[PDB]
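Visitor: Quick one: this structure, given as structure tokens, is what I'll be asking you about.
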Amino acid sequence: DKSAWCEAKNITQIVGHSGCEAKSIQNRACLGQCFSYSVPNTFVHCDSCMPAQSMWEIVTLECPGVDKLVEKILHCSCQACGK
Amino acid sequence: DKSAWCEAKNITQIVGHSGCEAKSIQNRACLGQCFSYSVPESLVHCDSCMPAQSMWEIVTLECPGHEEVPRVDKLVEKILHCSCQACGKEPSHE
Ligand SMILES: *[C@@H]1O[C@H](CO)[C@@H](O)[C@H](O)[C@H]1NC(C)=O
Ligand SMILES: *[C@@H]1O[C@H](CO)[C@@H](O)[C@H](O)[C@H]1NC(C)=O
């Protein structure tokens, strides 16, 4: 047997990067191994590990002491590679 | 075990057409678990197990049915090799 796994991995991202001072925040990244298969015909399925739940959060930078929008990934799951 | 794998599996498919005699051929199907990952949208990395090399082959069926159109041709895709590749890339591989 082989199982499909998709997980939200803890990361630190650094927003940067304009003429202001960068900040580090805690986030998640999706990482996984979903099933895909391709069966031939005569004249097909793709899943990938992507955000299942996320939210937008504002991060304010000091210059040197602007706002930046960041995506907070909460959960991940195997979904159709379509969109 | 924590590795991405893409398997070209031997199959037998059956090619047919009404009023004709079916044929079985040997083909391969791709099956796998490629890595995908997403960072916070911008850098999406999507791989899937898809044909790396394929070809079109004609298969002729006999239709002992009929004197005009005693036989018929069908086009089939032969999958030769499979591999983890960037998603959305077209299956057909030549
Ligand atoms: C990962 O970070 C999240 C912050 O949302 C925290 O709740 C969780 O305890 C952490 N777990 C691990 C394994 O890093
Ligand atoms: C499976 O059939 C394919 C036909 O493309 C052939 O290349 C391969 O040698 C065969 N392998 C086995 C184990 O029968």
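Residues are named by chain letter and number: chains run A, B, ... in the order of the structure tokens, numbers start at 1 in each chain, and ligands are numbered from 1 in the order shown.
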Could you please tell me, as a PyMOL selection string, which residues of chain B have an atom within 10 Å of chain A when using only C-alpha atoms?

Guide: chain B and resi 1-9+11+13-16+27-41+44-51+54+56-59+74-79+82+84+87-88+91-92

Visitor: Determine which residues of region 20-61 of chain A DSSP labels as strand (DSSP E) from the backbone of this structure, then write them out as an NGL selection string.

Guide: :A and (24-38 or 45-60)

Visitor: Go ahead and write the selection's residues with N, CA, C and O atoms as a CSV table (one decimal), in the first residue's frame.

Guide:
```csv
chain,number,residue,atom,x,y,z
A,24,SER,N,10.3,38.8,10.0
A,24,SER,CA,10.1,37.4,10.0
A,24,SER,C,8.7,37.1,10.7
A,24,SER,O,8.5,37.6,11.7
A,25,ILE,N,8.0,36.2,10.0
A,25,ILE,CA,6.7,35.7,10.7
A,25,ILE,C,6.6,34.2,10.6
A,25,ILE,O,7.3,33.6,9.8
A,26,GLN,N,5.7,33.6,11.4
A,26,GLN,CA,5.5,32.2,11.4
A,26,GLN,C,4.4,31.8,10.4
A,26,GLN,O,3.3,32.4,10.5
A,27,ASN,N,4.7,30.9,9.5
A,27,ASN,CA,3.7,30.5,8.6
A,27,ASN,C,3.8,29.0,8.3
A,27,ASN,O,4.6,28.2,8.9
A,28,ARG,N,2.9,28.5,7.4
A,28,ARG,CA,3.0,27.1,7.0
A,28,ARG,C,3.1,27.1,5.5
A,28,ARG,O,2.7,27.9,4.7
A,29,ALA,N,3.8,26.0,5.0
A,29,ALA,CA,3.9,25.7,3.6
A,29,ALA,C,3.3,24.3,3.4
A,29,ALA,O,3.5,23.5,4.2
A,30,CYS,N,2.6,24.1,2.3
A,30,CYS,CA,2.0,22.8,1.9
A,30,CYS,C,3.1,22.0,1.3
A,30,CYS,O,3.8,22.4,0.4
A,31,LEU,N,3.2,20.7,1.7
A,31,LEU,CA,4.1,19.8,1.1
A,31,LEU,C,3.4,18.5,1.1
A,31,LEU,O,3.0,18.0,2.2
A,32,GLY,N,3.5,17.8,-0.1
A,32,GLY,CA,2.9,16.4,-0.1
A,32,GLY,C,3.2,15.6,-1.4
A,32,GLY,O,4.0,16.0,-2.3
A,33,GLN,N,2.6,14.4,-1.4
A,33,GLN,CA,2.7,13.4,-2.4
A,33,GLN,C,1.4,12.9,-2.6
A,33,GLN,O,0.9,11.9,-2.0
A,34,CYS,N,0.6,13.5,-3.6
A,34,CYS,CA,-0.7,13.1,-4.0
A,34,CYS,C,-0.5,12.1,-5.1
A,34,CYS,O,0.5,12.0,-5.8
A,35,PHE,N,-1.6,11.3,-5.4
A,35,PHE,CA,-1.6,10.3,-6.5
A,35,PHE,C,-1.8,11.0,-7.7
A,35,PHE,O,-2.7,12.0,-7.8
A,36,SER,N,-1.1,10.7,-8.8
A,36,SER,CA,-1.5,11.0,-10.1
A,36,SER,C,-1.3,9.8,-11.1
A,36,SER,O,-0.5,8.8,-10.8
A,37,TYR,N,-2.1,9.8,-12.1
A,37,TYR,CA,-2.1,8.7,-13.1
A,37,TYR,C,-2.6,9.1,-14.4
A,37,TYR,O,-3.5,10.1,-14.5
A,38,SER,N,-2.1,8.4,-15.4
A,38,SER,CA,-2.4,8.7,-16.8
A,38,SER,C,-2.6,7.4,-17.5
A,38,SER,O,-1.7,6.5,-17.7
A,45,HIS,N,-5.6,11.8,-14.4
A,45,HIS,CA,-5.9,12.4,-13.0
A,45,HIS,C,-4.7,12.9,-12.3
A,45,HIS,O,-3.7,12.2,-12.0
A,46,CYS,N,-4.8,14.1,-11.8
A,46,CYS,CA,-3.7,14.9,-11.1
A,46,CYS,C,-4.2,15.5,-9.8
A,46,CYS,O,-5.1,16.3,-9.8
A,47,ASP,N,-3.6,15.1,-8.7
A,47,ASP,CA,-3.9,15.8,-7.4
A,47,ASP,C,-2.6,16.4,-7.0
A,47,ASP,O,-1.5,15.8,-7.2
A,48,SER,N,-2.7,17.6,-6.4
A,48,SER,CA,-1.5,18.2,-5.7
A,48,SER,C,-1.8,18.8,-4.3
A,48,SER,O,-3.0,19.1,-4.0
A,49,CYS,N,-0.8,19.0,-3.5
A,49,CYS,CA,-0.9,19.4,-2.1
A,49,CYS,C,-1.0,20.9,-2.0
A,49,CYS,O,0.0,21.6,-2.3
A,50,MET,N,-2.1,21.4,-1.8
A,50,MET,CA,-2.4,22.8,-1.8
A,50,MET,C,-3.2,23.4,-0.6
A,50,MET,O,-3.8,22.6,0.1
A,51,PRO,N,-3.2,24.7,-0.5
A,51,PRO,CA,-3.9,25.2,0.7
A,51,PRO,C,-5.4,24.8,0.7
A,51,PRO,O,-6.1,25.0,-0.3
A,52,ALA,N,-5.8,24.3,1.8
A,52,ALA,CA,-7.3,24.0,2.1
A,52,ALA,C,-7.9,25.1,2.8
A,52,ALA,O,-9.1,25.3,2.8
A,53,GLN,N,-7.2,25.8,3.7
A,53,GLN,CA,-7.7,26.9,4.4
A,53,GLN,C,-6.5,27.9,4.7
A,53,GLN,O,-5.4,27.5,5.1
A,54,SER,N,-6.8,29.2,4.4
A,54,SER,CA,-5.8,30.2,4.5
A,54,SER,C,-6.5,31.5,4.9
A,54,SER,O,-7.7,31.6,4.9
A,55,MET,N,-5.7,32.5,5.2
A,55,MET,CA,-6.3,33.8,5.4
A,55,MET,C,-5.2,34.9,5.1
A,55,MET,O,-4.1,34.6,5.1
A,56,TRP,N,-5.7,36.1,4.9
A,56,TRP,CA,-4.8,37.2,4.6
A,56,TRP,C,-4.6,38.0,5.9
A,56,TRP,O,-5.5,38.2,6.7
A,57,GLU,N,-3.4,38.4,6.1
A,57,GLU,CA,-3.0,39.1,7.3
A,57,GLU,C,-2.1,40.3,6.9
A,57,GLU,O,-1.3,40.1,5.9
A,58,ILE,N,-2.2,41.4,7.5
A,58,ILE,CA,-1.3,42.6,7.2
A,58,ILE,C,-0.1,42.5,8.0
A,58,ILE,O,-0.2,42.3,9.2
A,59,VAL,N,1.1,42.8,7.4
A,59,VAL,CA,2.3,42.9,8.1
A,59,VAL,C,2.9,44.3,7.9
A,59,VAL,O,3.2,44.7,6.7
A,60,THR,N,3.2,45.0,9.0
A,60,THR,CA,3.6,46.4,8.8
A,60,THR,C,5.1,46.5,9.0
A,60,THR,O,5.7,46.0,10.0
```

Visitor: Could you tell me how far atom 8 (C, counted along the ligand's line) of ligand 2 sits from CA of residue 60 (chain B), in Å to one decimal place?

Guide: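 Separating CA of residue 60 (chain B) from atom 8 (C, counted along the ligand's line) of ligand 2 is a distance of 22.7 Å.
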
Visitor: Using only C-alpha atoms, pick whichever of B:62, B:80, B:53, B:68 has the shortest atom-to-atom distance to residue 94 (chain B).

Guide: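 Going through B:62, B:80, B:53, B:68 one by one, the smallest distance to residue 94 (chain B) is for B:53.
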
Visitor: Have a look at CA of residue 10 (chain A) and CA of residue 79 (chain A) and let me know their distance in Å, one decimal.

Guide: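 According to the coordinates, CA of residue 10 (chain A) and CA of residue 79 (chain A) are separated by 20.2 Å.
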
Visitor: In Å, with one decimal, what is the gap from atom 3 (C, counted along the ligand's line) of ligand 2 to CA of residue 85 (chain B)?

Guide: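 Interatomic distance, atom 3 (C, counted along the ligand's line) of ligand 2 to CA of residue 85 (chain B): 21.3 Å.
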
Visitor: Given only C-alpha atoms and all ligand atoms as the basis, pick out the residue of A:74, A:21, A:69, A:15 nearest to ligand 1.

Guide: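 Closest to ligand 1, using only C-alpha atoms and all ligand atoms: A:74.
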
Visitor: Using only C-alpha atoms and all ligand atoms for the distances, tell me which of A:23, A:75, A:68, A:17 is nearest to ligand 1.

Guide: A:75
